[PDB]
Every structure is written in C-alpha cells, then in structure tokens.
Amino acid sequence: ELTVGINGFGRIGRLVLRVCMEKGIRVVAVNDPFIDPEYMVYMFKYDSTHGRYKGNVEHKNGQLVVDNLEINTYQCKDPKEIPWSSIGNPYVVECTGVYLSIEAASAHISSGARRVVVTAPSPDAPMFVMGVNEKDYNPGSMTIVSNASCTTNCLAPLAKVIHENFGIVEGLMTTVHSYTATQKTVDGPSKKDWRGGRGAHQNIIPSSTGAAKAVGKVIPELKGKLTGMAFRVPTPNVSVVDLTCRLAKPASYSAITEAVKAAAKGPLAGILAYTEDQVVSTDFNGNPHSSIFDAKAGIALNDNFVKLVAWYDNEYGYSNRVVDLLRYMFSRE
C-alpha cells in the first residue's frame, strides 16, 4: 500500500516513525549515517518529552523491529546511494534538514523514491499545510513537496479562518518557541545565528523566522500581508503563536471566537482546535493538532485590531501532519 522510507533519525524522523506506527502506515526503511541500529532502538524506545514508546522495540540482523514490524536500516551519507528501488518505491520523508531544494531532494528520486516530503521549508519545492491548500497538490507534476514549518502549520489554519470571515489587512506574528536541537546547552558556536549559540536554557533568545511570511505561499491572498519573528525560551517542547492583526471587517472578540469554534468543529477538524480553558503550554504536549486556539488568552484593542493566541506542539503536531500529507498524496496516486 502506502510504504514509507525515512531519511534521518533525529527528532522529526523518530516521531514520524511513531506516528506511522500509530496510524498503521508501513515504514520499510530508516537511513542515518551516524546512528547505528542498536542505538536507534535506544533513541526510539526512550524519549524525554514524549515518554517511552508504548510498544516494543528491538534490533535484529541489522533491522529495527518495532511491534513485530521489521524495518530495514541503512547508513548512507549520500541519498543517491540509498537503495529505495530495491525495497519497493516508497514515499520518502526527508528529515535531515540538509536537502531542502528540489534538486538536492531529487537525489532520493533518482535512487528510487516515488515521492519525497521535505520536513522543512524549501526554497522552491511546493509547500503544503494540511487543511489549507493540500488540494493544490498535483501528482502529475509534483514529485517533491514540502510540509512547510511547524510554525507556519499553526498560523496558517488560523489565518485562513480570520481572513475568510473578517479579512486580514495586515498582521505581525510572534512565536514564543521552545528550544530545539540546533541550539546550545551553554554559550557556544553558531556563526550564522549568533544569538542562537547562546545558552538555550538560560535565555530568552530573539530569532528570525520566515514562518509568518510563508503563509502567503499557502494562502496567496495573504502574500505581503504577514511577517514576524520568534523568541526561543527555556521549554523543551510546545510553542505558541501570537498574532497581531488588523481586520478589514469589524469583529467583536466573541464573533472571532465563534468563527474559530465553527472551523474547528467542521472543515478544520483534526487540524485546528479550540479551547476556552485556562491552559498552559504543557497541556498541549503530545497534542496532534496543528493549532489550538486559546480564546481567553487573546485580547482586542477594538473590533479591527486584535491579538490572537494559538498553541502548537512543534514536534508532535508537525510530525502528525507529515504523515497526513503522505496519506493524502497517496490517495491521489
């Protein structure tokens, strides 16, 4: 059926595997040049933020075995050398962060991948946010695709609802974001992101993200109407979007919440959720949604100028969307 190969067994690769297991999608191979099979077992079995894997994990004859599913493993430094074609022609999830362009990722294709999903923004690959524009995917012309960013996946669904109901004249986004693997435990080297080299654990760290502007790629009507930035703070997971926007049509705060509520119950079900509870970040650790609107946290200056709040599990929600995109793409073959 749908079969999946994963390149890179970092945080995304591992959670993607977990999600595939949960959604019953067959993973046929994992490739990582650095992480051997016995070590894969350990990294998958135990997880500091998401807990122990709820099934069984073992290594056998150079294979990763998860709940009796035997998964091939490779240690190729070059995508070109991965034998995708010898193990069916799976969809490939590209999680290394190193092959973002269509040209770079196309290496997978030449080695036998039927299609490729890049788990990061791409300079040129078509970008998709489930619930927003996946229907623009076209199998006739799109062999390599991007699932955008965790952040864009949180903001876009919310921007869609607000724009379609009220009209976003212009918006500026801040994401208060958990620290990540690219960061440092103590002040260390990060030569093209100096602030990002500073102790992740000790600091609030300003960061530049194209995540808000990129919404204009999945919602063309918003091109040039959004940008923003980030603060990385000392939490290990879960992040929050803080969107300040001016609306075309005037909207009471209650009209806004009612619109979001309706979207969550209906067309954006499973993508955008809604809460009125007095929640905090940990309440969304392990939440599969792309975006959870926080009604009570937001505030309006007036009917045309408002600040909207939405939570996202930047690891798990995004990983869930990657698998959702694979499934959708496959339904379109």
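Don't overthink the numbering: it's just position in the shown sequence, from 1.
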Mean temperature factor over C-alpha atoms, higher-scoring stretch between 268 to 276 and 31 to 39: 31 to 39
Stretch exceeding the other in mean C-alpha B-factor - 173 to 181, 217 to 225: 217 to 225
Between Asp242, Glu164, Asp187, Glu134, where does the Cα B-factor run highest in the record? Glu164
Could you check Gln202, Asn237, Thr209, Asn153 and tell me which one carries the biggest Cα B-factor in the deposited entry? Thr209
Could you tell me which third, lowest, middle or highest, the C-alpha B-factor of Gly317 occupies within its chain? lowest
If you rank every modelled residue in this chain by C-alpha B factor, which third holds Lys307: lowest, middle or highest? middle
Third assignment of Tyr74 from its chain's C-alpha B-factors: middle
Ranking every modelled residue in this chain by its Cα temperature factor as given in the entry, which third contains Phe128? middle
Place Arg232 in the lowest, middle or highest third of its chain's C-alpha B-factors, as listed in the PDB entry. lowest
